[PDB]
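Just below is one structure, and these are the notes that go with it.
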Protein chains: 4
Amino acid sequence: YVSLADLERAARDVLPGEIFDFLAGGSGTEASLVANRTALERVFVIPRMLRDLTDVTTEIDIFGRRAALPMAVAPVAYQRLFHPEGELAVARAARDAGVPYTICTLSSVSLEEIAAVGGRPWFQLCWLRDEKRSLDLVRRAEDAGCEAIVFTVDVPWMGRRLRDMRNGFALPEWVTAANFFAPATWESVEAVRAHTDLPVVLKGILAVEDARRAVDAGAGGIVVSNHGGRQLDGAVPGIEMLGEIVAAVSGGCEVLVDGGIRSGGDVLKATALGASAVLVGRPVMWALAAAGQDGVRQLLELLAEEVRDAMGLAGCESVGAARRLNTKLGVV
Amino acid sequence: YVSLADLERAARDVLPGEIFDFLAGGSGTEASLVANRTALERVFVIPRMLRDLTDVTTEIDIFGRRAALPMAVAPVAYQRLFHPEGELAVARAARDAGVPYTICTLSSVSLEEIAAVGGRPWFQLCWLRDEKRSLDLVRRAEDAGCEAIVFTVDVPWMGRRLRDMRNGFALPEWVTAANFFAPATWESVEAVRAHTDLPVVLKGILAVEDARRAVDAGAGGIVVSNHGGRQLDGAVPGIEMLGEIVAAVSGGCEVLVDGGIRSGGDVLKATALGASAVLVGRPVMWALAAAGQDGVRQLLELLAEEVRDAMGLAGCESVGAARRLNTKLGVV
Amino acid sequence: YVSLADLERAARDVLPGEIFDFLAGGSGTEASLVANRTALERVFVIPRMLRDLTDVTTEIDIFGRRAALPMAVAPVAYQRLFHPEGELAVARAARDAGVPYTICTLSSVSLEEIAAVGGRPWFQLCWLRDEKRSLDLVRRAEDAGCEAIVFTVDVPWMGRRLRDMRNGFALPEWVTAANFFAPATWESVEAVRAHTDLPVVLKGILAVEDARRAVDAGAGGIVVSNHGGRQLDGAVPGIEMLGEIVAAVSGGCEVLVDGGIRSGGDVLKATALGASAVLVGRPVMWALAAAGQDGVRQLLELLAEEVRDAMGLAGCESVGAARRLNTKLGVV
Amino acid sequence: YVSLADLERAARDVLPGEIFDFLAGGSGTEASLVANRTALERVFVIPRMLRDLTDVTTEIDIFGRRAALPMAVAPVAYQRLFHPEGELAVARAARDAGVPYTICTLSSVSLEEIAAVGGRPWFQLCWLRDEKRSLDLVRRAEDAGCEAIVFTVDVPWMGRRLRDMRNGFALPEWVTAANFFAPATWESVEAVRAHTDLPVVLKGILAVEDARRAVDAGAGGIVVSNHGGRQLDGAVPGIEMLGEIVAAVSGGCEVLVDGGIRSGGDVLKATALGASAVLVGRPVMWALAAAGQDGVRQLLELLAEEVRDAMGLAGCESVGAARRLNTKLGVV
Ligand SMILES: Cc1cc2nc3c(=O)[nH]c(=O)nc-3n(C[C@H](O)[C@H](O)[C@H](O)COP(=O)(O)O)c2cc1C
Ligand SMILES: Cc1cc2nc3c(=O)[nH]c(=O)nc-3n(C[C@H](O)[C@H](O)[C@H](O)COP(=O)(O)O)c2cc1C
Ligand SMILES: Cc1cc2nc3c(=O)[nH]c(=O)nc-3n(C[C@H](O)[C@H](O)[C@H](O)COP(=O)(O)O)c2cc1C
Ligand SMILES: Cc1cc2nc3c(=O)[nH]c(=O)nc-3n(C[C@H](O)[C@H](O)[C@H](O)COP(=O)(O)O)c2cc1C
Ligand SMILES: O=C(O)C(=O)c1ccccc1
Ligand SMILES: O=C(O)C(=O)c1ccccc1
Ligand SMILES: O=C(O)C(=O)c1ccccc1
Ligand SMILES: O=C(O)C(=O)c1ccccc1
């Protein structure tokens with residue numbers, strides 16, 4: 001594979017149609033899904049030349065750990081839908097690549113099993129029925145060695161995925177929520193923050209004042225995100241809010257972004273707009289569906305090469321230098 | 001049906017071509033018809049997270065009545081063109097859904113019959129030949145229990161609908177104006193205002209100074225509208241003037257908008273731009289053509305679900321909160 | 001015919017391909033040809049409502065004559081290419097419609113014959129070899145009763161029309177320049193101005209300072225124009241410069257525009273941007289090719305109806321009112 | 001041939017697919033390749049009228065030599081890929097046309113042989129392994145009569161060309177680097193500047209501060225360029241940075257641009273945005289592939305005619321006048 005798009009076509013061949021649709025789809029008319037790509041494609045980088053590139057490194061420090069790339073695997077529920085080894089295959093490849101892996105509340109393998117793979121994983125939280133049960137998941141994750149709590153804050157309930165409705169899609173018998181909901185509020189965030197010493201990362205922030213409030217609330221990071229266009233149809237892409245949010249936060253927390261990152265060049269664009277790091281969702285599942293653990297390994301090796309390539313061509317010996325790049329909006 | 005677009009395809013199958021064209025078409029090159037959709041698609045919402053959604057309500061108070069949604073059925077003449085029960089089917093479904101229904105001057109069932117359905121209806125006025133006859137329609141409507149007069153102000157005469165011309169379209173023998181024209185002016189508006197205690201709503205305002213003058217003239221509301229692209233071809237979409245008009249009116253009257261509203265997400269966009277409520281026209285007729293009263297019921301139930309979904313995903317427990325959402329223009 | 005586009009299709013059937021290409025084509029990649037349409041389509045009118053329309057008139061006074069519409073027939077050379085009656089057919093229809101007709105220097109019927117048709121015609125000048133011969137054409141035109149000199153100022157030489165090159169197109173034996181070149185300069189303009197009491201109109205102005213200089217030079221009007229995309233490929237559309245030019249001239253001369261005017265709605269857009277009047281070129285030749293004099297009559301009757309329709313729907317009882325309309329740029 | 005596009009189609013027929021792909025392709029998704037064209041197409045010229053065109057000249061003085069056009073042949077490696085006479089054919093045609101030719105470090109004919117053709121050539125430098133060897137190439141070029149050193153500064157390494165990867169493309173046995181790499185830095189530039197009295201031209205500048213630093217570093221010129229979209233995928237087109245860079249440099253060095261120049265009209269656009277001259281790459285190779293030396297001659301004759309045509313139609317008797325033209329961005 002020489003691009004991430006090679007993997008999508010590979011995954012479309014192997015996966016049952018309704019499972020491919022569950023993976024690919026968005027809510028409503030899929031306007032926000034498409035806009036995630038359109039918005040990235042409008043961004044152009046202004047590269048710098050003639051800088052010292054003797055020691056180009058793509059590494060970052062985030063949430064107390066060195067990562068090999070400014071990237072983590074996004075939370076994607078029920079990964080056994082895509083391959084029999086599910087989350088274990090993905091976590092093993094992420095570990096080997098030096099990339100953080102986000103364990104889901106709705107993982108199809110238990111969080112303790114996935115954490116035992118190693119690789120200093122993160123844990124994504126869905127707010128439950130009950131403050132007490134929510135906090136027990138958090139404590140489980142922490143006890144198992146997870147290093148950050150990625151609190152999903154854009155799912156008071158799940159969006160209307162019309163492909164799934166039309167397909168009559170439901171979980172197969174053989175896929176379960178192996179770790180086993182009410183709308184989260186700022187009170188929920190405070191309950192989590194008080195219950196753990198781990199950094200709390202709020203995933204799904206788009207409004208500038210919600211980013212500011214996240215810092216005020218003691219968040220260690222946010223993910224600027226419209227949930228891959230799967231939640232509010234018509235929600236602005238995260239990439240379009242990122243610059244404004246980075247300015248408003250003024251270094252008070254890590255600012256990640258996701259939605260449609262499909263190459264090292266896209267990672268460079270996100271960094272140039274001010275992101276600390278990106279999450280990548282669907283492409284990791286394409287790789288998993290296509291070729292299991294080895295597929296995810298190949299994807300991460302490709303992304304690593306593309307990120308190094310893009311950084312050097314843009315005159316950046318470090319991710320910090322890439323954040324100081326300027327950009328220009330074009331038309332496509 | 002899981003989207004409004006499902007209903008358009010259903011209606012295209014059942015309706016005679018020339019009747020579908022009468023319904024779907026615009027004036028001239030249909031530039032303003034298409035622009036109504038293009039303009040909505042360019043609007044993106046910036047949703048808020050982590051707000052209290054224990055008691056989400058889509059209700060509003062408007063013109064002295066509670067409505068179940070920030071939506072009314074737009075005036076559409078001659079509804080027996082689309083189904084034998086015509087206006088009665090639509091008014092019954094609107095009543096049952098808690099949605100105001102606008103009775104037309106050119107209704108194919110008499111306004112008194114439609115009003116007897118109940119549901120606290122509105123009445124749309126075409127200015128007639130004669131101040132005295134115009135005012136008699138208004139008095140009839142008021143006597144029959146209509147709760148607002150929706151004065152159409154963008155039809156000094158009807159626009160040039162080229163589909164209708166090419167089709168040689170005319171009313172069938174079996175469809176008549178059951179309630180049985182000169183250009184309206186500001187004098188006409190004053191005559192109506194002096195003749196009724198009902199709120200007068202001016203439908204078809206696009207210029208900011210006409211919105212201001214509407215308030216000065218004693219209007220209780222306006223509908224920011226290019227008449228679904230059926231009047232001046234090249235008229236700006238209402239959705240593109242809405243923000244400016246809401247600012248200029250500064251709460252002096254209700255500001256509604258119509259043109260291309262095709263989902264709860266579109267309703268959210270209109271509200272975020274400052275609308276009090278929307279009108280929906282063609283989709284209600286698609287539902288009527290497809291399945292009569294039950295079709296319109298299903299459409300309104302779908303819209304209700306989509307509006308609740310969109311509001312909650314955007315962190316809005318009330319329509320007032322949705323009006324305080326910010327937006328960002330994108331490219332499509 | 002119910003639109004101008006009906007006539008283009010009619011003309012494509014009857015005309016030899018290479019003659020249709022001579023008519024339709026532009027220079028280079030035809031970027032400026034296409035941009036004339038794209039630019040008009042981006043303009044939206046903000047119509048006014050509820051104004052007195054008891055005496056709507058589309059008439060204007062220009063260059064000392066009343067015209068029935070804010071429109072004249074553009075200069076198009078060699079009209080016998082399109083119909084055997086050529087310029088006589090077009091001039092007769094223009095006369096009957098009350099529309100000025102521009103007689104070309106390269107007319108295929110002599111200017112005296114065309115002037116004898118009546119209808120108070122204009123005369124378009126190509127600068128010749130020789131100040132003396134150029135001025136003799138001007139004097140001929142004036143002696144024959146022409147009422148304005150339309151000096152073409154954007155043709156120091158003719159543009160590169162690649163359709164014509166590829167077709168190997170040349171004038172048929174049966175078409176000649178019946179009135180029988182060097183680049184014009186500001187000196188040429190002064191020579192013409194000193195030689196006639198007729199208003200001199202400079203056709204092909206796009207730069208704001210050239211519009212200002214035209215007024216300083218004693219021009220009675222200008223046509224803001226890129227010559228229908230037939231001269232510099234990449235020249236900005238006139239419609240995109242019109243507002244700026246109207247502001248700069250501040251009433252010092254008439255400001256006309258041409259390029260892609262294809263409906264009464266387009267005329268309204270041009271007027272709302274500040275034009276005194278428009279020229280229409282290719283559509284008049286479509287009508288001529290399709291049905292001779294009667295074709296041109298039908299075209300002008302259609303345009304008259306569309307202009308009246310658009311003005312009234314926009315609340316304008318006069319062309320002066322239409323010039324005070326505001327506009328908004330959209331996306332298409 | 002009547003356009004440059006005629007030559008691309010001619011070249012596609014004759015060349016092996018993988019060689020055509022090597023020539024045509026870009027890096028990554030080819031976003032920057034496409035954007036070079038999209039950006040030029042958005043630029044419109046505001047032409048001037050009625051100026052003296054008695055002595056229109058397309059000549060410029062640059063780097064101490066008169067050139068017949070504001071254009072040079074871009075450096076393109078390995079020209080024997082496209083025709084057996086390779087660089088000699090192109091250099092002979094450039095000489096005969098009065099156009100500078102850029103001899104490549106990776107030329108498939110030795111730089112001394114190509115220089116012996118005459119025509120006062122330029123030499124493009126790839127920074128080598130070794131300051132000493134790099135400087136020896138420079139001295140060779142200077143000794144052979146090259147008149148400028150075009151230091152490529154946007155290739156710390158080569159970009160990822162996916163067409164080449166997918167094709168498994170490599171140099172044929174019969175093509176070699178007849179003159180026979182480390183990332184260049186500002187230190188490398190200074191080493192070159194100190195080693196030659198020839199003007200040093202930095203090719204591949206996009207950031208305004210890199211243009212400023214180039215002047216500070218003693219560069220005689222820069223080429224504002226994203227390397228034809230072959231290096232960083234997502235790099236802004238040079239044409240989009242050109243105006244800002246010309247303002248920042250304030251006459252301190254020559255500012256050239258390349259990327260997608262495909263007509264004399266495009267040359268005019270570049271000049272109107274402030275360029276001293278353009279480079280043309282792929283079209284010269286199309287002409288070479290299509291018809292060898294005579295093909296390149298025909299291409300340069302066509303470009304000369306198109307540049308003269310465009311300048312005169314825009315009222316410019318000299319390239320300096322063309323630089324004073326204004327432009328307007330449109331939509332396409
Ligand atoms: C199939 C699927 C399942 C997902 N499950 C979750 C989830 O459980 N929790 C969460 O916060 N986000 C979830 N997401 C959202 C992703 O974390 C991510 O925000 C989104 O996919 C955008 O990134 P992408 O374009 O790289 O896929 C899911 C996305 C997909 C496609
Ligand atoms: C078939 C049809 C008939 C209409 N009749 C009327 C009418 O009698 N009075 C009026 O004010 N608007 C009338 N309208 C305009 C609508 O009230 C509304 O402004 C327009 O359809 C835009 O909304 P939509 O895109 O939701 O259809 C009509 C529209 C249609 C399509
Ligand atoms: C076939 C043809 C011949 C023309 N001949 C002339 C001419 O002789 N003099 C002139 O000033 N313009 C000439 N024009 C330009 C037109 O007057 C006008 O500026 C142009 O066609 C743009 O208007 P349109 O889009 O309505 O055709 C010609 C245009 C065409 C298509
Ligand atoms: C096949 C090919 C080989 C090239 N080789 C070089 C090179 O050796 N050195 C260099 O500085 N640029 C090289 N370039 C870049 C060109 O000089 C030029 O910047 C680019 O092609 C953009 O111009 P165009 O759109 O006119 O082709 C090459 C381009 C192509 C297509
Ligand atoms: O988060 C999601 O987008 C998603 O599709 C999902 C669906 C079911 C359970 C958890 C997440
Ligand atoms: O209002 C309309 O758009 C419309 O189409 C119409 C047609 C006839 C009578 C009333 C309204
Ligand atoms: O003016 C023109 O555009 C044109 O096509 C023309 C061609 C020959 C003679 C006069 C005008
Ligand atoms: O510069 C280039 O773009 C290019 O394609 C190339 C490839 C091999 C050697 C030198 C240049």
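Letters A, B, ... mirror the listed sequences (proteins, then strands); counts begin at 1. Side chains are part of it too, since the values below use all heavy atoms of this structure and drop only hydrogens, waters and symmetry mates. As the structure lists them, so they are numbered: ligands from 1, and atoms in each ligand from 1.
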Please produce the table of protein N or O atoms sitting under 3.5 Å from N or O atoms belonging to ligand 1, one pair a line, distance to 0.1 Å.
{"residue": "ligand 1", "atom": "5 (N)", "partner": "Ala77(A)", "partner atom": "N", "Å": "3.2"}
{"residue": "ligand 1", "atom": "9 (N)", "partner": "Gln124(A)", "partner atom": "NE2", "Å": "3.4"}
{"residue": "ligand 1", "atom": "11 (O)", "partner": "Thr152(A)", "partner atom": "OG1", "Å": "2.6"}
{"residue": "ligand 1", "atom": "11 (O)", "partner": "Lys203(A)", "partner atom": "NZ", "Å": "3.2"}
{"residue": "ligand 1", "atom": "12 (N)", "partner": "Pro75(A)", "partner atom": "O", "Å": "3.4"}
{"residue": "ligand 1", "atom": "12 (N)", "partner": "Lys203(A)", "partner atom": "NZ", "Å": "3.1"}
{"residue": "ligand 1", "atom": "12 (N)", "partner": "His227(A)", "partner atom": "NE2", "Å": "3.3"}
{"residue": "ligand 1", "atom": "14 (N)", "partner": "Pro75(A)", "partner atom": "O", "Å": "3.2"}
{"residue": "ligand 1", "atom": "17 (O)", "partner": "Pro75(A)", "partner atom": "O", "Å": "2.7"}
{"residue": "ligand 1", "atom": "17 (O)", "partner": "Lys203(A)", "partner atom": "NZ", "Å": "3.1"}
{"residue": "ligand 1", "atom": "19 (O)", "partner": "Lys203(A)", "partner atom": "NZ", "Å": "2.9"}
{"residue": "ligand 1", "atom": "19 (O)", "partner": "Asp258(A)", "partner atom": "OD2", "Å": "2.7"}
{"residue": "ligand 1", "atom": "25 (O)", "partner": "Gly260(A)", "partner atom": "N", "Å": "2.8"}
{"residue": "ligand 1", "atom": "25 (O)", "partner": "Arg262(A)", "partner atom": "NH1", "Å": "3.4"}
{"residue": "ligand 1", "atom": "25 (O)", "partner": "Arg262(A)", "partner atom": "NH2", "Å": "2.8"}
{"residue": "ligand 1", "atom": "25 (O)", "partner": "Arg282(A)", "partner atom": "NH1", "Å": "3.4"}
{"residue": "ligand 1", "atom": "26 (O)", "partner": "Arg262(A)", "partner atom": "NH1", "Å": "3.0"}
{"residue": "ligand 1", "atom": "26 (O)", "partner": "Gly281(A)", "partner atom": "N", "Å": "2.8"}
{"residue": "ligand 1", "atom": "27 (O)", "partner": "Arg282(A)", "partner atom": "N", "Å": "2.8"}
{"residue": "ligand 1", "atom": "27 (O)", "partner": "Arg282(A)", "partner atom": "NH1", "Å": "3.3"}

Can you pull every nitrogen or oxygen pair between ligand 5 and the protein closer than 3.5 angstrom?
{"residue": "ligand 5", "atom": "1 (O)", "partner": "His227(A)", "partner atom": "NE2", "Å": "2.7"}
{"residue": "ligand 5", "atom": "3 (O)", "partner": "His227(A)", "partner atom": "NE2", "Å": "3.0"}
{"residue": "ligand 5", "atom": "3 (O)", "partner": "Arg230(A)", "partner atom": "NE", "Å": "2.8"}
{"residue": "ligand 5", "atom": "5 (O)", "partner": "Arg230(A)", "partner atom": "NE", "Å": "3.2"}
{"residue": "ligand 5", "atom": "5 (O)", "partner": "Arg230(A)", "partner atom": "NH2", "Å": "2.5"}

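Judged by distance alone, the side chain of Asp233(B) and the main-chain N or O of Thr29(B) form a donor-acceptor pair under 3.5 Å. At distances below 3.5 Å, at least one donor-acceptor pair connects side-chain atoms of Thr105(A) with backbone N or O atoms of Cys126(A).
Taking the six-membered ring where the residue is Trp, the centroids of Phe151(A) and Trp127(A) are separated by under 6.0 Å.
Under the side chain to side chain contact (heavy atoms under 4.5 Å, CB included) criterion, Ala141(B) pairs with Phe123(B), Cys146(B), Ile149(B), sequence neighbours left out. For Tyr1(A), the ring pair (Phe, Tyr, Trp, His ring centres under 6.0 Å) criterion is met by no residue, not counting sequence neighbours.
Taking the side chain as every heavy atom from C-beta outward, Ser263(A) and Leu268(A) never approach each other to under 4.5 Å. Side-chain contact between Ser27(B) and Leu232(B) is absent, with no heavy-atom pair separated by less than 4.5 Å.
Aromatic ring orientation, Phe82(B) versus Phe22(B): parallel (interplanar angle below 30°, classes split at 30° and 60°).
Looking at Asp258(B) and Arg282(B), no side-chain N of the basic residue comes within less than 4.0 Å of a carboxylate O on the acidic one, giving no salt bridge.
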